[PDB]
Amino acid sequence: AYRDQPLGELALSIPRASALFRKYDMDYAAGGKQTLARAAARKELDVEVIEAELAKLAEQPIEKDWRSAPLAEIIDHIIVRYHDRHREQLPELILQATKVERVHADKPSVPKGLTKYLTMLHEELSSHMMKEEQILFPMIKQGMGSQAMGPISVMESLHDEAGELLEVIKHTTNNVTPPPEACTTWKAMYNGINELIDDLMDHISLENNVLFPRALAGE
Ligand SMILES: [Cl-]
Ligand SMILES: [Mn+2]
Ligand SMILES: [Mn+2]
Ligand SMILES: [O]
């Protein structure tokens, strides 16, 4: 039964299961070791319904399965698909949020504090991604991953802090749902936020659930 499998393994094996877990606000990225059963119980969800939704998704194999891919290919993919994108996405969202918080300051639904939280995420993620690209990822490419417990534990602590920031961003934005009086800039910014959350969760998932454990295992 899918409920007895870890969230991370389900997300990495079933196409769009990541999107299903995002719908249910289950942390498959930094909390990807927990079983679906445990995650669903904490959130008081009907786990049979979720198993049926996963079964329908699992009719196809995942288009690209990273679980057994070479660690160097995973690293190069992370840098181009996630690190480079975050470095473009977040400055753009910071400026959009600034504009929304000023233009709609008088409105009740305006996401006050959003700029602040995006800025914190950008600063913390920027420094973090530089340390991966300059220290940890080269160490893994050199074959020293089995010696990386310390560095990986530091990176995984930052992942938890990034997850905390994501929760604050989601709360500030009514789970990234714009109000009815949202103009196009506001709505477009929320689409960008959802894209950032989707990407960052898949990115952390690939590191926590594939790259880091396999590196430590000597692969
Ligand atoms: Cl969860
Ligand atoms: Mn990374
Ligand atoms: Mn990372
Ligand atoms: O990251």
# chains A, B, ... in the order shown; residues from 1 in each chain; ligands from 1
>>> residues_near_ligand(ligand="ligand 1", cutoff="10 Å", atoms="only C-alpha atoms and all ligand atoms", output="list in words")
residues 7, 21, 22, 24, 25, 26, 27, 28, 29, 30, 31, 32, 33, 34, 35, 36, 38, 39, 40, 41, 42 and 43 of chain A
>>> residues_around(residues="range 88-102 of chain A", least_positions_apart="2", cutoff="8 Å", atoms="only C-alpha atoms", output="ChimeraX atom specification")
/A:84-86,104-105,110-112,114-115,118-119,122,185-186,189,192-193,196
>>> write_last_selection(atoms="C-alpha atoms", output="mmCIF file, in the first residue's frame")
data_model
loop_
_atom_site.group_PDB
_atom_site.id
_atom_site.type_symbol
_atom_site.label_atom_id
_atom_site.label_comp_id
_atom_site.auth_asym_id
_atom_site.auth_seq_id
_atom_site.Cartn_x
_atom_site.Cartn_y
_atom_site.Cartn_z
ATOM 1 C CA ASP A 84 19.965 29.224 -11.922
ATOM 2 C CA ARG A 85 16.174 29.565 -11.966
ATOM 3 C CA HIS A 86 15.841 30.519 -8.290
ATOM 4 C CA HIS A 104 -2.685 47.576 -2.448
ATOM 5 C CA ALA A 105 -1.549 48.754 0.989
ATOM 6 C CA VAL A 110 -2.730 42.590 0.858
ATOM 7 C CA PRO A 111 0.128 40.179 1.812
ATOM 8 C CA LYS A 112 1.948 42.449 4.260
ATOM 9 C CA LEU A 114 5.722 39.150 1.755
ATOM 10 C CA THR A 115 8.656 41.193 0.446
ATOM 11 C CA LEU A 118 10.971 36.600 0.011
ATOM 12 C CA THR A 119 14.081 38.686 0.707
ATOM 13 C CA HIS A 122 16.624 34.889 -1.325
ATOM 14 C CA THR A 185 0.117 41.990 -11.265
ATOM 15 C CA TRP A 186 -1.070 40.461 -7.981
ATOM 16 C CA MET A 189 3.012 37.281 -8.717
ATOM 17 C CA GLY A 192 5.311 32.980 -9.725
ATOM 18 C CA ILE A 193 5.245 32.172 -6.020
ATOM 19 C CA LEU A 196 8.943 28.965 -6.904
#
>>> residues_near_ligand(ligand="ligand 2", cutoff="12 Å", atoms="only C-alpha atoms and all ligand atoms", output="PyMOL selection string")
chain A and resi 74-87+124-137+152+155-156+158-159+162+199-208+211-212
>>> write_last_selection(atoms="C-alpha atoms", output="mmCIF file, in the first residue's frame")
data_model
loop_
_atom_site.group_PDB
_atom_site.id
_atom_site.type_symbol
_atom_site.label_atom_id
_atom_site.label_comp_id
_atom_site.auth_asym_id
_atom_site.auth_seq_id
_atom_site.Cartn_x
_atom_site.Cartn_y
_atom_site.Cartn_z
ATOM 1 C CA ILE A 74 21.944 15.085 -10.711
ATOM 2 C CA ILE A 75 24.258 17.892 -9.593
ATOM 3 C CA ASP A 76 24.472 19.467 -13.066
ATOM 4 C CA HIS A 77 20.692 19.235 -13.396
ATOM 5 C CA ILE A 78 20.114 20.882 -10.019
ATOM 6 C CA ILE A 79 22.377 23.786 -10.932
ATOM 7 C CA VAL A 80 20.714 24.588 -14.240
ATOM 8 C CA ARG A 81 17.101 23.582 -13.526
ATOM 9 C CA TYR A 82 16.883 24.893 -9.944
ATOM 10 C CA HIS A 83 19.806 27.056 -8.791
ATOM 11 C CA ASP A 84 19.965 29.224 -11.922
ATOM 12 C CA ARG A 85 16.174 29.565 -11.966
ATOM 13 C CA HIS A 86 15.841 30.519 -8.290
ATOM 14 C CA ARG A 87 18.494 33.203 -8.824
ATOM 15 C CA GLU A 124 19.542 32.377 2.741
ATOM 16 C CA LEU A 125 19.116 30.384 -0.458
ATOM 17 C CA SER A 126 21.772 32.401 -2.326
ATOM 18 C CA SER A 127 24.453 31.741 0.288
ATOM 19 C CA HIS A 128 23.349 28.116 0.585
ATOM 20 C CA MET A 129 23.444 27.431 -3.148
ATOM 21 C CA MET A 130 26.928 28.960 -3.362
ATOM 22 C CA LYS A 131 28.158 26.588 -0.637
ATOM 23 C CA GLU A 132 26.672 23.631 -2.492
ATOM 24 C CA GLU A 133 28.227 24.717 -5.792
ATOM 25 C CA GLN A 134 31.632 25.595 -4.282
ATOM 26 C CA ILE A 135 32.052 23.014 -1.504
ATOM 27 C CA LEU A 136 29.615 20.128 -1.300
ATOM 28 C CA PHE A 137 28.884 19.380 -4.955
ATOM 29 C CA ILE A 152 25.213 17.461 4.344
ATOM 30 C CA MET A 155 22.739 21.802 4.163
ATOM 31 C CA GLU A 156 19.751 19.831 5.462
ATOM 32 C CA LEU A 158 19.130 25.119 5.887
ATOM 33 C CA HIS A 159 16.508 23.141 3.967
ATOM 34 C CA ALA A 162 13.793 27.369 3.920
ATOM 35 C CA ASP A 199 10.499 24.140 -7.884
ATOM 36 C CA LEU A 200 12.105 24.593 -4.474
ATOM 37 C CA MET A 201 10.270 21.604 -3.059
ATOM 38 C CA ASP A 202 11.282 19.373 -5.994
ATOM 39 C CA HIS A 203 14.824 20.728 -5.690
ATOM 40 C CA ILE A 204 15.121 20.013 -1.956
ATOM 41 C CA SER A 205 13.453 16.648 -2.489
ATOM 42 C CA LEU A 206 16.047 15.666 -5.084
ATOM 43 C CA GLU A 207 18.828 16.602 -2.675
ATOM 44 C CA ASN A 208 17.385 15.185 0.583
ATOM 45 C CA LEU A 211 21.672 13.084 -3.925
ATOM 46 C CA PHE A 212 22.626 13.327 -0.259
#
>>> closest_residue(among="A:210, A:45, A:197, A:215", to="residue 166 in chain A", atoms="only C-alpha atoms")
A:197
>>> select_by_dssp(residues="range 134-180 of chain A", states="alpha helix (DSSP H)", output="count of residues only")
29
>>> atom_distance(atom1="CA of residue 17 in chain A", atom2="CA of residue 57 in chain A")
7.0 Å
>>> atom_distance(atom1="CA of residue 219 in chain A", atom2="CA of residue 9 in chain A")
18.0 Å
>>> closest_residue(among="A:149, A:154, A:20, A:1", to="ligand 4", atoms="only C-alpha atoms and all ligand atoms")
A:154
>>> closest_residue(among="A:23, A:65, A:2, A:171", to="residue 52 in chain A", atoms="only C-alpha atoms")
A:2
>>> closest_residue(among="A:138, A:178, A:145, A:61", to="residue 108 in chain A", atoms="only C-alpha atoms")
A:178
>>> atom_distance(atom1="CA of residue 14 in chain A", atom2="CA of residue 63 in chain A")
9.0 Å
>>> closest_residue(among="A:4, A:53, A:123, A:46", to="ligand 4", atoms="only C-alpha atoms and all ligand atoms")
A:123
>>> closest_residue(among="A:175, A:117, A:168, A:163", to="ligand 3", atoms="only C-alpha atoms and all ligand atoms")
A:163
>>> decode(residues="range 104-139 of chain A", atoms="N, CA and C atoms", output="mmCIF file, in the first residue's frame")
data_model
loop_
_atom_site.group_PDB
_atom_site.id
_atom_site.type_symbol
_atom_site.label_atom_id
_atom_site.label_comp_id
_atom_site.auth_asym_id
_atom_site.auth_seq_id
_atom_site.Cartn_x
_atom_site.Cartn_y
_atom_site.Cartn_z
ATOM 1 N N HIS A 104 -1.502 48.082 -3.135
ATOM 2 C CA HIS A 104 -2.685 47.576 -2.448
ATOM 3 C C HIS A 104 -2.542 47.651 -0.932
ATOM 4 N N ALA A 105 -1.784 48.636 -0.446
ATOM 5 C CA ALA A 105 -1.549 48.754 0.989
ATOM 6 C C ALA A 105 -2.858 48.911 1.751
ATOM 7 N N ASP A 106 -3.798 49.670 1.193
ATOM 8 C CA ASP A 106 -5.062 49.936 1.873
ATOM 9 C C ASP A 106 -6.016 48.746 1.862
ATOM 10 N N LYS A 107 -5.753 47.719 1.053
ATOM 11 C CA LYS A 107 -6.685 46.607 0.958
ATOM 12 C C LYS A 107 -6.473 45.613 2.100
ATOM 13 N N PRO A 108 -7.508 44.864 2.461
ATOM 14 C CA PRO A 108 -7.404 44.002 3.646
ATOM 15 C C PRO A 108 -6.599 42.740 3.377
ATOM 16 N N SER A 109 -6.733 42.213 2.169
ATOM 17 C CA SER A 109 -6.081 40.981 1.754
ATOM 18 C C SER A 109 -4.630 41.167 1.313
ATOM 19 N N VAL A 110 -4.082 42.376 1.394
ATOM 20 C CA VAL A 110 -2.730 42.590 0.858
ATOM 21 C C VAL A 110 -1.728 41.772 1.665
ATOM 22 N N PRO A 111 -0.783 41.045 1.027
ATOM 23 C CA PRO A 111 0.128 40.179 1.812
ATOM 24 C C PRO A 111 1.268 40.936 2.484
ATOM 25 N N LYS A 112 0.939 41.672 3.547
ATOM 26 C CA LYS A 112 1.948 42.449 4.260
ATOM 27 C C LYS A 112 3.037 41.526 4.777
ATOM 28 N N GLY A 113 4.288 41.940 4.577
ATOM 29 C CA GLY A 113 5.439 41.165 4.978
ATOM 30 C C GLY A 113 5.985 40.236 3.916
ATOM 31 N N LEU A 114 5.286 40.090 2.786
ATOM 32 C CA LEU A 114 5.722 39.150 1.755
ATOM 33 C C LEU A 114 7.113 39.497 1.243
ATOM 34 N N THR A 115 7.347 40.780 0.934
ATOM 35 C CA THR A 115 8.656 41.193 0.446
ATOM 36 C C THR A 115 9.745 40.781 1.425
ATOM 37 N N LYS A 116 9.487 41.000 2.709
ATOM 38 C CA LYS A 116 10.455 40.678 3.747
ATOM 39 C C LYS A 116 10.792 39.200 3.722
ATOM 40 N N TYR A 117 9.774 38.347 3.617
ATOM 41 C CA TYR A 117 10.019 36.907 3.667
ATOM 42 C C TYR A 117 10.663 36.413 2.384
ATOM 43 N N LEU A 118 10.283 36.974 1.234
ATOM 44 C CA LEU A 118 10.971 36.600 0.011
ATOM 45 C C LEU A 118 12.436 37.020 0.060
ATOM 46 N N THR A 119 12.712 38.202 0.613
ATOM 47 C CA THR A 119 14.081 38.686 0.707
ATOM 48 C C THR A 119 14.920 37.785 1.603
ATOM 49 N N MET A 120 14.366 37.362 2.751
ATOM 50 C CA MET A 120 15.070 36.425 3.624
ATOM 51 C C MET A 120 15.350 35.123 2.892
ATOM 52 N N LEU A 121 14.333 34.570 2.230
ATOM 53 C CA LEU A 121 14.551 33.341 1.479
ATOM 54 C C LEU A 121 15.638 33.520 0.425
ATOM 55 N N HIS A 122 15.608 34.636 -0.307
ATOM 56 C CA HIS A 122 16.624 34.889 -1.325
ATOM 57 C C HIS A 122 18.020 34.949 -0.708
ATOM 58 N N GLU A 123 18.185 35.661 0.403
ATOM 59 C CA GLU A 123 19.523 35.761 1.000
ATOM 60 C C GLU A 123 20.019 34.403 1.486
ATOM 61 N N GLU A 124 19.153 33.670 2.182
ATOM 62 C CA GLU A 124 19.542 32.377 2.741
ATOM 63 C C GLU A 124 19.791 31.359 1.647
ATOM 64 N N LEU A 125 18.925 31.329 0.632
ATOM 65 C CA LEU A 125 19.116 30.384 -0.458
ATOM 66 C C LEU A 125 20.356 30.728 -1.284
ATOM 67 N N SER A 126 20.593 32.014 -1.562
ATOM 68 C CA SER A 126 21.772 32.401 -2.326
ATOM 69 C C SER A 126 23.057 31.896 -1.681
ATOM 70 N N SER A 127 23.239 32.165 -0.387
ATOM 71 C CA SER A 127 24.453 31.741 0.288
ATOM 72 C C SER A 127 24.553 30.223 0.305
ATOM 73 N N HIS A 128 23.425 29.569 0.543
ATOM 74 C CA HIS A 128 23.349 28.116 0.585
ATOM 75 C C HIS A 128 23.727 27.492 -0.740
ATOM 76 N N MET A 129 23.156 27.999 -1.837
ATOM 77 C CA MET A 129 23.444 27.431 -3.148
ATOM 78 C C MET A 129 24.901 27.643 -3.532
ATOM 79 N N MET A 130 25.495 28.753 -3.106
ATOM 80 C CA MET A 130 26.928 28.960 -3.362
ATOM 81 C C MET A 130 27.779 27.929 -2.641
ATOM 82 N N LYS A 131 27.433 27.606 -1.385
ATOM 83 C CA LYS A 131 28.158 26.588 -0.637
ATOM 84 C C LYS A 131 27.998 25.206 -1.259
ATOM 85 N N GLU A 132 26.805 24.878 -1.751
ATOM 86 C CA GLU A 132 26.672 23.631 -2.492
ATOM 87 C C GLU A 132 27.558 23.632 -3.738
ATOM 88 N N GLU A 133 27.516 24.714 -4.520
ATOM 89 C CA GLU A 133 28.227 24.717 -5.792
ATOM 90 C C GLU A 133 29.736 24.773 -5.604
ATOM 91 N N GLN A 134 30.207 25.410 -4.529
ATOM 92 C CA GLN A 134 31.632 25.595 -4.282
ATOM 93 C C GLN A 134 32.255 24.578 -3.330
ATOM 94 N N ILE A 135 31.468 23.897 -2.509
ATOM 95 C CA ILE A 135 32.052 23.014 -1.504
ATOM 96 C C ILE A 135 31.497 21.607 -1.600
ATOM 97 N N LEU A 136 30.182 21.464 -1.420
ATOM 98 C CA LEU A 136 29.615 20.128 -1.300
ATOM 99 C C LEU A 136 29.556 19.410 -2.649
ATOM 100 N N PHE A 137 29.029 20.065 -3.677
ATOM 101 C CA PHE A 137 28.884 19.380 -4.955
ATOM 102 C C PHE A 137 30.234 18.961 -5.530
ATOM 103 N N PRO A 138 31.282 19.787 -5.504
ATOM 104 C CA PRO A 138 32.598 19.293 -5.953
ATOM 105 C C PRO A 138 33.096 18.109 -5.135
ATOM 106 N N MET A 139 32.875 18.132 -3.823
ATOM 107 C CA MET A 139 33.271 17.008 -2.977
ATOM 108 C C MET A 139 32.576 15.728 -3.429
#
